[PDB]
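Just one chain follows, in the form deposited in one PDB entry, and it is written as structure tokens.
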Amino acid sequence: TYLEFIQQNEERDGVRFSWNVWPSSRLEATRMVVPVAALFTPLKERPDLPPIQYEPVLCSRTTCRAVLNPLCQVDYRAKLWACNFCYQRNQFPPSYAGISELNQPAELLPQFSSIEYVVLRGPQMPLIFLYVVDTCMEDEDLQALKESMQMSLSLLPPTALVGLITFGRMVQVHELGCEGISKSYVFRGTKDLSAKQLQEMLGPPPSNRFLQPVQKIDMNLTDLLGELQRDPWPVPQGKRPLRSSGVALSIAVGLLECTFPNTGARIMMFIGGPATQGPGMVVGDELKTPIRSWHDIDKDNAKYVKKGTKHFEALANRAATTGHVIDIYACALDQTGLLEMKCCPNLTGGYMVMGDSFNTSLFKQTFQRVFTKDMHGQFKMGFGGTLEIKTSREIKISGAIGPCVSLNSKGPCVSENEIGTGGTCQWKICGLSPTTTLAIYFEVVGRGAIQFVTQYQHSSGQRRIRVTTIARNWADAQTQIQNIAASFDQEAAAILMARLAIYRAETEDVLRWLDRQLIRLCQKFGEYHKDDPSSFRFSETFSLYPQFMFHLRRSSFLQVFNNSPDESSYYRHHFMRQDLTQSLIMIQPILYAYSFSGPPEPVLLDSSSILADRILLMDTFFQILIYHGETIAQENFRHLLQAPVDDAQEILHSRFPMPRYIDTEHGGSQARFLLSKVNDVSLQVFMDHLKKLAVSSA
């Protein structure tokens, strides 16, 4: 079963390809409608794989140097193996001398495709956390922010280093624990600083005066955080507070850059409002003028966007080059400036959390998921990931889309046509979790092979190497397109195609390219008589691709208006990171129905599903909503009224960005969220127009 095949390969190898059978000819590779791509999850969890505590074997060939995998052809008699990528034949290392047939190494077994090694590079560096704190917000927001930061300090490892930077009009770098005096270094939030300047002005396991071990400092930090008071500078009438977000971030970047470069470090920035002074300024300090909107940027009425975006974009590359992670936690009623700061958590593996106030269950709980631990009391996060992909000589890599930065490594696996962050065989992911998913786009220039090698720093400090080796059948020449049409992953393709459209919109029509491929895929793999729209059918392999495209082209990922720019950049941020299942939920929210007549059942995203005597539960990945029809909007009636509330709580915990919960009913203002995701104007109309063009000229 092809579905059993897709399921078991994602559970084992954390990957889902657009095609599981690849064009064996040049004549079909060029004519691929949906590019050969893969939804690769480098750190996916699974049923407790054995950590291989020995260094992986490698191929003895300067260029190739792939990892010993089940595809390799072994010879237990001569103690030799032949690399599957370059046919080079290797000798077994001395630790493999007692190799035997009835007891062979772990990597070789087809079950241990996708396996992790633990290597020792000497002393493991301590983890580094750098709190960057805004002080320009209300007291109830600042007091809640302080409690959350004190709670995160109780979870950090005793080995880890911590640093505190608060700001407002000025920027304060705190020198931790200097006993009875409490000092800090004051910098103007009006002019930027480079790392070398910041190094001169400021000055067994290592630690600075500004970055000290948790076990030795946690009591002074938990007190300083408890005494943090709002920015002492007054805010006159009709004015915004002077907030130097752009310089505070750059000082946090330059501090770690000159102290601990090239090591796992997390810059956690907390924002209560937009940057109002300095490089990276997002809006002026006059309350008369509002923060820019999508309408304002389209009519060239937003003089801070490009200059501010460029500032944080250079900061993003500075930190991503050094190998440091930039988190952004923004909670305010107005906009924050996420559009100008989006590149910092996008290029690195940084998080992006957005809410109305730090004094809510929404932010408080979301902030403590960041420090969730596994079956060993260790954070589910990795640092400084290096992703390298080995391909067969027939495959080339166009590029990647997702949280990564190009290491600009050249090799025969690089393709001329580059996509996203392309032109490289190696990418750096400064931060990753068991959820991070990159979209890798391949190109063909019989059993192909792709090997993913991910080196990262673990929460324990251990250096680990994740090696996943997949293999997909080459198409048979006498059955080329028929097998290709059978190995189609309609879900994986819809998101991989969505990845391309969104990346082009965020780096600017996009719907036109999205339709010309929808029509092309309908003509090559659909069934129809020419000039007869009613004859068009699709295989069960393809039937859902049109509907996924309908919702994608109408979603808030591409129709940015009726949303704020920060909301748009926040939606795109999480969609470029999630695996397949969650990404489907975003584009096409799931909808359950609750009534006396039957247990909960999923129903269509159509206006016909909104019944008066029924309770709905829509799962947008960003919000969980419960709807009560006009009838139910009033023990048996209780089982119904709390059946969605019960099912909500479960998923209301797993998901990292805790979805905003909503309880509304017919006539309520919050029912608008259901009516906008529900229901060209209609599918029916969208499908008909698609069929008229599908049976028409190609």
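Here, rigid core means the biggest group of C-alpha atoms that superpose within 1.5 Å across both forms. Start at 1 with the first residue shown and count on from there.
Note that the form deposited in another entry isn't included here; everything after this is about it.
In the overlay on the core between the shown form and the other one, a shift of 2 Å or more in CA position is seen for a single residue of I585, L616, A314, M125, which is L616. Taking the rigid core as fixed, one finds a CA shift for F596 of 2 Å or more between the shown form and the other one. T479 shows a C-alpha shift of 2 Å or greater between the shown form and the other one [criterion: core-superposed Cα displacement of 2 Å].
In this overlay on the rigid core, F358 has a C-alpha that sits less than 2 Å away from its partner position between the shown form and the other one.
With a change of no less than 3 Å, the CA-CA distance between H529 and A477 is smaller in the other entry than in the form shown.
Note: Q670-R554 Cα separation is 3 Å or more longer in the other entry than here.
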